[PDB]
Structure formats: C-alpha cells, structure tokens
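Enquirer: When you get a sec, could you give me coordinates for this:
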Amino acid sequence: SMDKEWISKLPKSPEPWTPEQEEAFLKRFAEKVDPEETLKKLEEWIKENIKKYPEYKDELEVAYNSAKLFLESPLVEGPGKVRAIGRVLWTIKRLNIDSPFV
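Expert: Numbers count the residues shown, from 1 in each chain. Please find the structure below.
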C-alpha cells in the first residue's frame, strides 16, 4: 500500500507506548500553561510547518481546529480546554517532527 504505516489503529503499537508516560507529559504541561500564548507559538509553528510539509497539513489543521475551537470560547474551564491543547502537542509527537516543544 504505502511506506510508513504509522497512521493506523492496529493492536499493540510500536515503540514504548503507555498511559503512565502519556499522563506524565500532560500532567507536566497542564501543571501551568497559557492557551493565549501557546496559540500564537502553535499557530505560527503549524503555519510554517504546513509550508514545508503540505502532506501533513491535513492532520496539522485538525489539531489546530480543536485547540482553536476551545480557545474561541474563553470560559469553559474544564478538561476540554487542557485536552484541546494537549491533543495538539501529542499529534505532532507521533508525527515524529522535531518541533520547539519537546
């Protein structure tokens, strides 16, 4: 079909993937982060990254769409807001793209 079959929902994924390490990342970021400031850095990153990798633009847009959706409604102070931002950072992580975050 195609090379690099990373995009899939097969049983038992490659590399050390666990909830312990995952929750840890979100726990560290959620510890204290700013959506307003992060939105700028994230928006600028995706914008430039998209120009370099248009093939991933589709996936990148999805992540931003989620973060922007919550950011558009500055009032919902819950897990949805933290998940929106964290979801984007996690998306890029899997993509395996050296970005100014990790």
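Enquirer: what about stretch 7-19, start to end distance?
Expert: This stretch, stretch 7-19, spans 19 Å end to end (Cα to Cα, to the nearest Å).
Enquirer: what comes up buried for it?
Expert: By neighbour count with 16 or more other Cβ atoms under 10 Å, stretch 7-19 contains no buried residues. (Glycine included, C-beta is placed from N, CA and C.)
Enquirer: 31 is where my numbering starts, stick with that
Expert: With the count now opening at 31, the last piece we talked about shows up as stretch 37-49.
Enquirer: Geometric centre of this structure: which residue is closest?
Expert: Per Cα atoms, centre = their mean, the C-alpha nearest to the average position across the chain is that of residue 118, at 1.8 Å.
Enquirer: list the helices and strands the one helix or strand that one maps to packs on?
Expert: Using DSSP states H and E, residue 118 sits within helix 109-125. Helices and strands touching helix 109-125, by 3 or more Cβ pairs under 8 Å, 6 or more residues apart in numbering; DSSP states H and E, are helix 49-60, helix 65-82, helix 87-102.
Enquirer: Minimum distance to residue 31: which of these has it?
Expert: Distance to residue 31, taken as Cβ to Cβ, is lowest for helix 87-102 among those, at 17.8 Å.
Enquirer: what's the angle between the closest one and helix 109-125?
Expert: For helix 87-102 and helix 109-125, the angle between their directions (axes from the mean of the first three to the mean of the last three Cα atoms, to 10 degrees) works out to 160 degrees.
Enquirer: Show me how far helix 87-102 is from its chain's centre.
Expert: 9 Å (Cα atoms, centre = their mean, to the nearest Å).
Enquirer: Could you do stretch 42-58 as well?
Expert: Centroid displacement of stretch 42-58 relative to its chain, using Cα atoms, centre = their mean, is 14 Å.
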